[PDB]
Every structure is written in structure tokens, then in C-alpha cells.
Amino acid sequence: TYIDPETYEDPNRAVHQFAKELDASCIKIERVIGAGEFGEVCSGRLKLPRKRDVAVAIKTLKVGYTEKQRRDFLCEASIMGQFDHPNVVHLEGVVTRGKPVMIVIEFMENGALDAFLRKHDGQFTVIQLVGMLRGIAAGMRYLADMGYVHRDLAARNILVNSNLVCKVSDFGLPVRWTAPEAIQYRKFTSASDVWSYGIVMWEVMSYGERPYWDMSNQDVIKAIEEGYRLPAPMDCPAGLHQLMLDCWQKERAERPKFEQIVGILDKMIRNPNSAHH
């Protein structure tokens, strides 16, 4: 059920096809909470026909844009808007023509996962962490069987809410996240995403540590070709590191599938101590 919008003769028919246009009147900007690649990402609320008010985040497109940057920008909203699943950020709608140009997404109060973990270092138990990864897996099983390949899967592109529910984000357009076949031959697949997931798995348990630390990309690739793989972060159960290695199998077939993953991680939250097998 996933159509690409860059398979479109108009890119701004995809936008309106999958995204609900919103009235700016109904949108409140309150704070800044980052700079997106296109325009200040702000936090705020949106007013629906009587539902208290939704807490939303607001990607802006700054003015004096190329009619292109607008297309690029909104090709995020055209994609994100086609997915409905708990562990994939909910689109609320867009502001295309008429008013300041905006993608109104659901508010994740905790921000990107890499940052949220670096700040809460050691504060989370191994069930809770397995639970956070469990969500992203759920996220990607959905996207996967929707026919979508993320390409840029990383802990900075997962977002966390008040309830520590992680959801997949960044739907637009990163060597140490990318699989060998994808780096070398652009063979981006839901297998290459599982590799990236593996790296996310390490990022989580490490609590937001940079993959491969300060190894150059050059070093990281040679490292991987020699068969180097990352080790069990402090306190990470061995079986859980093992899953990381499966995700990092060189033969992309041999990796587990996102459904297989969700499966394994569930056992571990079910019987934790088995996570050392």
C-alpha cells in the first residue's frame, strides 16, 4: 500500500493525496526544539473539533525557498502520511499553499533517542531498553511489510514520548549505520535496514554512544570487511548482543527479518535472564 511520491508527475498531488491540509489559525507555535534541514522545528499544539488540544511538533519551511526545497520538504509528509502504526510517528497534517509552510507531527516529549539516552545514562533497566528496541522493531516490521525501506535508520531518527515509546521518524532526503551492500552497491532493502537496526540496538544499550567511537568511515569499512563487529556494551545480556551480530551478518539473506526480531525481543521481556543465550 506504499506508493513513492517521486513516482509522481506532480510531487504536490502526493502531498494533498496522503496529507490533510490544516488551517494555520488552528496551530499554535510555543517554543523552538531544533533546527530541521529546512527550517526551525518548533513545539506547540493543534486544535481539532473539540479534543482538548493535541501537543504537536512543527517542521517549518523557512521563506525564500526553491519551489524544489518545498517539494523535497513535503515529500516527507507525502510518505509519513501513508503509515498508521503505534511505533511510527503520526502525521497530523500539512500547510502547503496559503500560509507559512508546515508539517504538523505528533509531539514526542523526549526528543531523539540518541540524545534522550546520553542524558538518562544508566537510568534504564534491561527490560525497559529491550522494550524501547521492541517498539522500533514493531515500527520497522510494519514499514517493512508496507514495502518501505527507511535507508537512514539510527537512534537520532527514533523519537521518544513521555511514556518512553520509541517511534520511527525522518522520512526525507551516515556510513556507520549503512550495510556493506548499500554503501558499496546501493542495494538498500529491509535487510540493509536490519543491519542499521542492529547498530540502533548497540546505540541504545551503549546509551547513545557514537557507533565505532572516533573510527573514520574509512577505518569502519575496512574494520567490517576484516569481520570486526561491535561488542556487548556494559550490562548488555549476551543473547541480545548476539541479535546485533545476526543483524550484522555479511550475507544480507542470513540476517533475521523484523518479524523474527520482535519475536526474540518479546521472549526476553517475558523471561529476561534467557537473554544470556
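When you see a residue number, it is the position in the sequence shown, counting from 1.
Missing deposited residues between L173 and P174: 10 or more, all without coordinates in the entry. Taking the PDB entry as given, 53 to 61 carries the higher mean Cα B factor of the two stretches 53 to 61 and 242 to 250.
Of the two stretches examined, 32 to 40 and 207 to 215, the record assigns the greater average C-alpha temperature factor to 32 to 40. Ranking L117, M140, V130, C75 by the C-alpha B-factor listed in the PDB entry places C75 at the top. The maximum CA B-factor among the listed residues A223, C236, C26, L230, taken from the PDB record, is found at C26. Among all modelled residues in its chain, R71 ranks in the highest third by Cα B-factor.
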